[PDB]
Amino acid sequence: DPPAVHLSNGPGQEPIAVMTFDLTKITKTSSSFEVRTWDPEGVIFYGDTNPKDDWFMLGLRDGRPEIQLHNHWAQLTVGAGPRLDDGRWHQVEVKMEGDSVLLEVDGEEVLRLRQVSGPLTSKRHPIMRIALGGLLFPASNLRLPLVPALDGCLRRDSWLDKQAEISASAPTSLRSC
């Protein structure tokens, strides 16, 4: 695994890494990574501009991707795609195209959430945070709670536009797989 990190360190409460982005600079509105796990439930990543009313989470529930999103346009809890909890490395891409959010798993589009978002460079609070392996609000506050810690590995990740990233923080040291 090209430098692979564990998505949760121990209890799986908080994220392993939080990155902050300036939306006025953002061009690339997509993210991509490889994930490996035997765990059927947990958070893969979370993103927000506001943890009360403009947020997004991607995780697994019953082995399969689940997206939760709450913003001015849309509030939803959706599962889609094949199980990913077979301990093999899977390529995932989450992209915003027009007003849609698309999820691709192993080269195939498995979900398209249409009419869920107005442009990034036009939007309100112009800072976006991306949290890897945990949420930035309690799990009990999701639309549909899940147990946050995902026991899996993450590698070959790229988050939004690196030229728009303002800062990156880890709350502890990141362990390798």
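For clarity, a rigid core is taken as the largest C-alpha set superposing within 1.5 Å between two forms. Throughout, we count residues from 1 along the sequence that is shown.
Comparing the two stretches 111-119 and 29-37 by root mean square C-alpha distance in 6 other deposited structures of this protein, with all structures fitted on the core, the more displaced one is 111-119. In 6 other deposited structures of this protein, superposed on the rigid core, the segment with the larger root-mean-square CA displacement between 164-172 and 17-25 is 164-172. Of the other compared PDB entries of this protein that include residues on both sides, at least a third leave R124 without atoms. The mean Cα B-factor in the deposited entry runs higher for 10-18 than for the other of 10-18 and 160-168.
Look at the C-alpha B-factors of 124-132 and of 37-45. On average they run higher in 124-132.
The residue among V110, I26, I67, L142 whose C-alpha atom has the highest B-factor in the PDB entry is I26. Looking at the C-alpha B-factors along this chain, the one for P82 belongs to the middle third. Split the chain's modelled residues into thirds by C-alpha temperature factor. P138 is in the middle one.
Among the modelled residues of its chain, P148 has a C-alpha B-factor that falls in the middle third, as given in the PDB entry.
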